[PDB]
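Numbering (this note's numbering), first residue to last: 676 to 1348. Each remark here refers to the structure printed beneath this line.
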RNA sequence: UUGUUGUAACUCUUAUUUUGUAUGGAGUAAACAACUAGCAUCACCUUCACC
DNA sequence: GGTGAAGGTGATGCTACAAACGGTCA
DNA sequence: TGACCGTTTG
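Have a look at this one:
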């Protein structure tokens, strides 16, 4: 837009306020409410005029600004006879759109802007903060607005209705309005050596169709878009997000200066003068770790969290991160049925800083006397390779049964395993080692908090059923269980438990990543779980337990924290396909298709002979440690952009069918019995 | 100990089966790890009332 | 099995300005 | 009058 980043990243730091010179909690809350009200009214105005001629807005510009650059574009022949939503597209000039819409809002004055509570100057608060925020939100809504034409695979060779639908999809989904931009994209595609002619045939055919069919395709696209936007509820602003955004001017006074005691003073314009506690990553012993003094942006955010006022200062900081080599790849099978992070590393006892819980659970005198043969075999198999956070779900359910009074088979080994974990925690407490003790306590706390989350969420469901029963539809649809006092208390408990679960999971992930860094590994591989693949469903309690507590750990987000760690770390993270890692044999690297997930049936083991989780981890590692398999499946990320929160390598496979078709061509297939 | 979050040890305390190996509360206490945030939209899942 | 509300997760997209003009007060 | 800083324009 107006800020450009080159080999750098914009980092936002939230600072807790202290000595707020008149910026009280109630006053800031009222100011935030007024800001949200103004934003909502402007969004409503944008909605009500969204399917309206652009050149009609020219009548709103004041006479003294008729010769302005942006006003001329309003009545220019290119956009003279187009609906207003067309300015929220790549073709239209962004700055002209912003200025023209701001002028229309100011002249119309659909909300009586008499001034805000905090007495910010009008330019920032109105023109730059909320009007610009609303315009940017409507841009991000309209730009990729899919009229409902679902893309289909059999592509060009079909009927004329197919041609129409696919041309609409291709013009819209990537945001095209003009033929010139489309021709520029075709030139870009033809410049690239990697043709991929299968899609190129479709692209060229629909380009040729669009060449001589502009009038009716434009008319039908406009009609479909208008139809979609009539029933659009508008970019409304939620009331549960207490926040306010301000943008300073080019010459505005916005100075941040140290005031001793690891504190900072923020002085913006003339109506803002506050002090902030500081942060351990920006200031350390009165010394600065980031160039916040002379690198901070001109925009800040005032927000309230837990009835505490924060201010967000964002700074452009250098970010030198490269793609990671693959001289030593670590595969991680993220399946949380038994453990949390399976790994393809054999545990020979020479992994520096690694504690194997499974190794010292099967070597515990008290545990041997209780665990049956099958579980003992499970734990002997797991202990042979590196693994993290033993998370036996049936064990948590047995604990739930113990609490609820229902007998369960695993009850004795529950106490046994917990006693082993506590013994490990105390051994590491007395030994003085910090990281291992942190890991052990995090595993124990996470195990307890998943059960707590399940209990509290089941109680939430039961209480919602109790309160909602026998009431009118209007009464419950306007006064839901979420916003009542009992509901808000329950959701507060849920949020606390969720935060603690996320914290323990992040600590475990960081421990694993530190282990990988110390051991000399260079690359980390995970499945690209775009969403929870297990998100679909007396034993109803067990099923709900398992499902909601899959959802609680942020099962698909576990990779995201791995990339977050890789940002400042020295090991890269890749997202490999999640369609066939659990089915590939790891000896000959082939696939059993004749597929079906029921391969892992014999005592939690694979037909190959190795353990199922170990097999999947080995497959995930192999996807990246072999050049051929990477080139087949794995596309290196763009090194010209920023690698912050971006994998070093990532898949271009979007469905199971494409993957299974891709395997067959080069081999990698076998037949089951 | 200069922010948020997760993780200790130690001394008390009702309360909580709407966190019973855990949490709220009071006191004390230290090292180690992460932290790009805001706003809007879309998709999906779950629960609940209804048929 | 869907229609509505709520909760949440996951993904996406804009955005975090630069330079010039003009009002005002020492 | 020049010098901050709120306002207007790409």
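Every residue gets a Cβ at the ideal spot worked out from N, C-alpha and C, and that includes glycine.
Going along the chain, which residues of its own chain have a beta-carbon closer than 8 Å to the beta-carbon of residue 1116, five neighbours each way excluded? 1100
Can you list the alpha helix (DSSP H) stretches of 4 or more residues lying completely in the region 838-922, in chain order? 854-866, 872-886, 889-905
Option in 882, 1290, 833 with minimal Cα separation from residue 1059: 1290
Quick check: the region 1240-1250 against the region 1317-1326, are at least 3 beta-carbon pairs closer than 8 Å? yes
Runs of 4 residues minimum, wholly inside the region 1026-1054: which ones carry the alpha helix (DSSP H) assignment? 1032-1036, 1040-1043
Quick check: the region 752-767 against the region 725-734, are there 3 or more CB pairs under 8 Å? yes
Rounded to the nearest angstrom, how far is the Cβ of residue 1295 from that of residue 1006, given a contact under 8 Å? 4 Å
Using 8 Å as the threshold, is the region 1226-1233 in touch with the region 1204-1214, meaning 3 or more CB pairs across them? yes
On the DSSP letters alone, give me the boundaries of the beta strand (DSSP E) that residue 1008 sits inside. 1004-1008
When the Cα atoms are used, what is the spatial distance from residue 1343 to residue 1304? 11 Å
Per-residue DSSP class, three states only, for residue 695: coil
Along the alpha helix (DSSP H) that carries residue 972, what are the first and last residues, could you check? Looking at the DSSP string, residue 972 is not in any alpha helix (DSSP H); the run it does join, the beta strand (DSSP E), is 971-980.
Which residues in the same chain have their Cβ closer than 6 Å to the Cβ of residue 690, if we skip the five residues on either side of it in sequence? 951, 986
Leaving out the 5 sequence neighbours to the left and right, which residues in its chain are closer than 7 Å to residue 993 when beta-carbon positions are compared? 683
Nearest-angstrom Cα separation, counted from residue 1255 out to residue 1024: 30 Å
Residue 1307: first and last residue of the uninterrupted alpha helix (DSSP H) it sits in: 1302-1308
For the beta strand (DSSP E) that contains residue 987, what are its first and last residues? 983-993
With a 10 Å radius around its C-beta and 16 neighbouring C-beta atoms as the bar for buried, classify residue 1155 as buried or exposed. exposed
Distance check for residue 1067 and residue 1244, CA to CA, integer angstroms please. 30 Å
Could you compute how far the alpha carbon of residue 743 sits from the alpha carbon of residue 895? 33 Å
Three or more C-beta pairs closer than 8 Å, one from the region 997-1017 and one from the region 1326-1338: is that the case here? no
Candidates 811, 822, 1087: which alpha carbon is nearest residue 906's? 822
Helix, strand or coil for residue 727? Go by DSSP, reduced to three states. coil
Please list the terminal residues of the continuous alpha helix (DSSP H) segment that includes residue 1110. 1109-1143
Residue 703 and residue 977 look like a contact to me (Cβ under 8 Å); what is the Cβ gap, rounded to whole Å? 6 Å
Distance, Cα to Cα, residue 816 vs residue 904? 10 Å
What does DSSP give as the partner residue(s) for residue 758 in the beta ladder? 728
Find the nearest neighbour of residue 680 within the set 970, 1111, 1336, 1217, judged by alpha-carbon distance. 970
Residue 814 and residue 777 closer than 8 Å at C-beta: no
If you drop the 5 nearest sequence neighbours on each side, which residues of the same chain put their C-beta closer than 7 Å to that of residue 1236? 1181, 1184
Cβ atoms of residue 1128 and residue 1353: under 8 Å apart, would you say? The question about residue 1353 has no answer here: the residues shown for the chain are numbered 676 through 1348.
Going along the chain, which residues of its own chain have a beta-carbon closer than 7 Å to the beta-carbon of residue 1122, five neighbours each way excluded? 1066, 1071
Measuring CB atoms only, is the region 955-971 touching the region 935-944, in the sense that at least three cross pairs come out at less than 8 Å? yes
Give a yes or no on whether the C-beta atoms belonging to residue 788 and residue 921 are separated by under 8 Å. no
Bounding residues of the beta strand (DSSP E) (the contiguous stretch that carries residue 941): 939-943
Following the continuous beta strand (DSSP E) through residue 1324, name the residue where it begins and the one where it ends. 1324-1326
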